[PDB]
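Just the one chain here, the form deposited without the partner chain, laid out as structure tokens.
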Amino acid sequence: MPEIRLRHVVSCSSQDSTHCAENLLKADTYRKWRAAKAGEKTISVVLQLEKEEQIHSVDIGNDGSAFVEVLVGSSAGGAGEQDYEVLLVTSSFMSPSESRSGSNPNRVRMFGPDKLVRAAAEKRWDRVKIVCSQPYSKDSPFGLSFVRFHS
């Protein structure tokens, strides 16, 4: 089918144990991504793609976060974690107001072709870096509710 399927969280730069970014592999079920600690200032998590393909559209939902940047890359070289190109800059869906007056605490958004670079989106990648950004917590963690890529 013309879609994208994740395999496992290749890299993790903000994931806990019980509620880890690997829960993104199970969008439905009943678990999402949660930073490894509280004080959600910025969290990063690279997910692996079950197949190297091009990216034309994406559907990721924010779980209290506000800024969401996504980079693209392949398994080439190996655990480099430094050879990805900014497919789509950080997307601002919410802000630190939701963390104050529940102003839409849980929202979601997608990234079609207009939100992805054509010089890279059309390149077959198999690894993606997901980074959320917005200082809103301190004692409790948080992150994203789900991530769904689609070619």
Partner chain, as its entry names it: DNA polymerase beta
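Residue numbers count along the first chain shown, from 1.
Keep in mind that the form solved in complex with the partner chain is missing from the display, and what follows is about it.
Novice: Could you tell me if residue 109 has a non-hydrogen atom within 4.5 Å of the partner chain in the deposited bound form?
Specialist: Because a heavy atom of residue 109 falls inside 4.5 Å of the partner chain in the deposited bound form, the answer is yes.
Novice: Wondering, does residue 19 line up within 4.5 Å of the partner chain in the deposited bound form on heavy atoms?
Specialist: No - in the deposited bound form, heavy atoms of residue 19 and the partner chain never come within 4.5 Å of each other.
Novice: Would you classify residue 129 as touching the partner chain in the deposited bound form, given a 4.5 Å non-hydrogen atom cut-off?
Specialist: Yes, residue 129 lies within 4.5 Å of the partner chain in the deposited bound form.
Novice: Please determine whether residue 69 contacts the partner chain in the deposited bound form, using a 4.5 Å cut-off between heavy atoms.
Specialist: Residue 69 belongs to the contact set for the partner chain.
Novice: Work out which of the listed stretches, 31-39, 118-126, 56-64, 81-89, brings a heavy atom within 4.5 angstroms of the partner chain in the deposited bound form.
Specialist: One stretch meets the cut-off, namely 81-89.
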